[PDB]
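Let us start with two forms of the same protein chain, each given on its own as structure tokens and named structure 1 and structure 2.
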Structure 1
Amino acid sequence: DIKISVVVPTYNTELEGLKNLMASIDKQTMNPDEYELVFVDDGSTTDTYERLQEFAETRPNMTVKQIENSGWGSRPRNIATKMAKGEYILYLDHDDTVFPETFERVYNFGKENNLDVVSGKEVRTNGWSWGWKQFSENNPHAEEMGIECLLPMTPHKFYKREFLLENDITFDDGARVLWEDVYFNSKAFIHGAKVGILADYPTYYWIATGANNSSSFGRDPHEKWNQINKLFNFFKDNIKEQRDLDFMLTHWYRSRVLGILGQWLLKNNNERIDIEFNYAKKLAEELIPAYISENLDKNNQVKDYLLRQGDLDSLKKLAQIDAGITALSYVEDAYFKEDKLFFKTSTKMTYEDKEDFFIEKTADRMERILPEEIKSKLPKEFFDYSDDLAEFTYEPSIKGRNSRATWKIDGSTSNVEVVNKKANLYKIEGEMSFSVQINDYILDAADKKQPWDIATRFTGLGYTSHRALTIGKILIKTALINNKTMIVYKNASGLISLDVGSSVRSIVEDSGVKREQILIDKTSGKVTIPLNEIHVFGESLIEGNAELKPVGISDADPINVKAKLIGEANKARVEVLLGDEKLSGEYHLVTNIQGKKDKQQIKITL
């Protein structure tokens, strides 16, 4: 009785990625006798099928089958679903990987709460978030929130196999379609799936390669909007719950239809803009009710209005007025305190991190700044930000540079003010203070030695700016906290990074060394090297080593000796143990804690 079936459609699969896929499944904490691997090759030209069988040689739970090419992943996933015998199915693409505890955590979460779909936290290579809303907390009763509980609607979730089979839930392969994972997840919810969200552990890594697509399907504007029309018609005809239908109509109208009416207009030729604008206008009139836009922000209500009027020229004019609106955060102070790293940051809305972004106070109204030729074409309520000045968000986030996983940094406090800069003009300014407990984000053992990058997420007046936290001054601060070496620093791009476990930087080199305070107890053979500036909390002992070379003998072998990085009584030191090495004269001394050597140029005389 198999707990999990891994459905993997392959087609001309790149060999290295296929090997990484196999290693990520082999390293599951779940016992191998309790999951199943089903690979369906979709008529590959490469030796992919031969290699899939070569992989299946060593695995009594991996099944491989070859069919002729179907042009997409829908057909192989459906056949593999009919071949599977596990309780839950994971649709794993041939270029992705899975985190090592995914199978065990997901199944126990699904079995305990009797879930039909488990939406586990998904990681993507690029970006500072993915599912920032939906992956914010575990929710075993997520389907009570509505169909939103399945976003983002990738197919990389865990589905109850008998639920799919009893409701005839398959990927649309009889027709050629984009967003097949959106159809698949919506059908799952329409038939009443009990959904749970597992957000406290990264379950799936969706990897950005360089060859994600090479087909003629979807690249032209006519096929694109044919697919968009088919998706909206699918919602209006199949979603029976009014709340769920309104969510899907609002979410997809805002992102894919109104989404071409902003900066997109500045990145495309007039021939393409004219084609897509007419399609979008026609869809709004034909499929999108007027009430959908009443629950949108002021800016999206402006785009919706001008779209239905065919006033593309005003939209182009608005795209240029809006070009560059953003909110970058600067570090006001960064310091360690007890076992945490503390930050104080500040931001404001600007054009491209330069002059201030402004709104106007006219009478009792807080208005968007527009030329009077634009304001004379719009309902006056659509550029009035009065009822929106308290809807600002300002939050920190972190991202592991190895795992690519992103997390919100909890416990932060912020405050956004609408301040009168000059005359009747108002700028928007934010301040925020937060701390980082690095253990919150260390889930796999690999996470203990990793660089982390800090970012801030600012939303308001309809704009969203999620950008790396930055600092102008040189920032280098080290800490030895409960056996964790930590270095917060301005990296070479001017952004804020945090190294933990000497992944990229040397804590001895960044702390400095009191050279004139080095002690040499030659009877015990112990060389003590006090570190200069370092925040030490708790007791630490990190084993490492060091290298000695006789000065002047430039070709000499390193003399390998043991070393210890010690934190105690809020001081840090490196102790080098000479041991049985007989030494006489001056020597270069280089410490090697956690695989990172210092550049302090230490010389001792023995």
Structure 2
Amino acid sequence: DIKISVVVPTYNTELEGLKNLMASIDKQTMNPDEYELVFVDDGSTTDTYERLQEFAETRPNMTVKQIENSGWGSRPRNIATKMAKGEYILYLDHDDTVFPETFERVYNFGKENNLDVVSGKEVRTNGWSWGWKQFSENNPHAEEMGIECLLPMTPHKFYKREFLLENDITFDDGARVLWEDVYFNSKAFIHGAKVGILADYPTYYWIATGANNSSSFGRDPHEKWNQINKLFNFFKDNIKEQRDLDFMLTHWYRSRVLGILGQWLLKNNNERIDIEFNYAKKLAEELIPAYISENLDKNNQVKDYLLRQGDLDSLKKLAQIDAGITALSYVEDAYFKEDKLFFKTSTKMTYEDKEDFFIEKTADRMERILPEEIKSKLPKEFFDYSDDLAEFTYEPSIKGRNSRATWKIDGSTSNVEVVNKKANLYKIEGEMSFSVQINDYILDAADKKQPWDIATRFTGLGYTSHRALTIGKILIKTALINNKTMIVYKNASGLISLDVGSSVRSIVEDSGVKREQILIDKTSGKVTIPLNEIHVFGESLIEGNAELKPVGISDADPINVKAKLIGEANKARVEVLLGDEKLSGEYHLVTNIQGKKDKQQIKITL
């Protein structure tokens, strides 16, 4: 009967903070009697549980319960899981929202493929990607790729309820644990769960809400490595498939242990460094097998080797040398063609978007430029980039400013070259061409009117640069394509944006008007205002209005009339319908297409 159960823990949660959440559930296309809401309050000390209980009385599919306070959301999640009746369970946190077609699409995907876990595409407020690797294409048999299919391991997936009960998969109830959701998803996979990835529709919006946690638990350096030790022991004791154990070992050794040996060494005091360095050296010796480092890139093998040697001074010097390496992309050309937007971009590896990043060519080896002092202490292959010069990636991406959803722009062609600038020094240059088909990223009705931000992702030599596309010159190009206003522009921050639906810019203002080509039809009451610079493809009819005020009347009253933006035969124009309005004299015309007024100083004599 019930397809989905929504599990939402609360604690001193005001009803106003649930307004956006409850609104996103009401907007679900799935019938309300086919899902249920299970709120479990963690023993609120204030009077917020009373207001929530009264709120649920008007909603039959919503049940609320309070337990004794546990100081954590794991026990509320478990209590609600055993209360739930639905076939699938979504763990929805009260600060987050869901997209309107999530329940319909996810359940159909899971039921038609008999999935135990549907890892749906998740969206975050910040960043240019989330789940870039896994949220690529739909995969009903995702567990065949190994335990990696569940990354990123947030709890915001849809888990089959009976599968959790049969395997007794719960959240840790006792002491608080870091990366608790990693334990939960890993336990689900090692019990043979069928995993499906739904990547073609954003399902969950994980919202950043000024996380000034102010918790000594999350800042205690000894607690941190106590939690890291038990996380790795959990891997080694429970994950028995060699392929999946080795992946989790390398992934978390790279991110959490090796991740303090880079920029982190430049923004921490010396005593904090000594404490966490000795913790990391001991953990690598005790829990990280030596073969794991063979799966790491060159720069991480150097960090691994120097860590096990206890050479903190060399790692500090290397952190200073690597600081600032990036790859910013510049727009070399941008234009509309037919029904798409085209880009030509260029990039190169630099230090802070300044001087070039170099690599030396000694003998037949492309080597990392390092001091002779540090270089004479490392294995010679670890600073040899020769085998890695053919594995650069250069791709475009897009991000909706309202939905915060992120997509890879397919169909691009790129090329990365290793060029000799001078002597034996080599830079890394990249070129790319791609087109944007905005229909590929419009899924919900609200997506049709949205500013879009364009980014570039450049990887190579172990570095990853996912940054916004930028330009120096002023760029303003307009287009009217199949009932969609489109403008590519250098925004106020100096980055490239695409405003569709006149949510930022007026297309009449940015295109300009053929001033001496305005036609006034007296017998028809139609005023034609042709647009100057604009790319028009297909038929378009966009309705707005126009305000008329007589010239020279300081306090003149607005004469609101109807207007239309018409795209027809590769030409755009605004038709101001005057009808039978009694008018005479000179007037000011101000178009208002899609809630955006122009500043073209249009005057008209009638």
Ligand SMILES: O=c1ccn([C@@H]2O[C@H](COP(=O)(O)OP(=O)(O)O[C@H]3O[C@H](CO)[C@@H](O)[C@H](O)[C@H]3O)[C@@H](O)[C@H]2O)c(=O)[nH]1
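Just so we're on the same page, residue numbers count up from 1 along structure 1's sequence. In this text, rigid core is short for the largest set of C-alphas that superpose within 1.5 Å between two forms.
Looking at both, which one would you say is the form deposited with this ligand bound? Pick structure 1 here.
Have a look at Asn114, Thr413, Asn420, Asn213 and give me the residue whose C-alpha moves 2 Å or more between structure 1 and structure 2, with the fit done on the rigid core. The displaced C-alpha is that of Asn213.
**Message:** Once you overlay the rigid core, does the Cα of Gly17 travel 2 Å or further between structure 1 and structure 2?
**Reply:** It does, since the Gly17 C-alpha is displaced 2 Å or more between structure 1 and structure 2 after the core fit.
query: 2 Å or more on the CA of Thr45 between structure 1 and structure 2, with the rigid core superposed, yes or no?
result: After core superposition, the C-alpha of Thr45 moves 2 Å or more between structure 1 and structure 2.
key: Core-aligned CA displacement of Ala556 at least 2 Å between structure 1 and structure 2   = For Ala556, whose C-alpha is compared between structure 1 and structure 2 after core superposition, the shift is 2 Å or more.
After superposing on the rigid core, how much does the Cα of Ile507 shift between structure 1 and structure 2, in Å? Residue shift at the C-alpha: 0.4 Å.
In Å, how far apart are the CA positions of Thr58 between structure 1 and structure 2 with the rigid core superposed?
-> The alpha-carbon displacement, core-superposed, is 2.3 Å.
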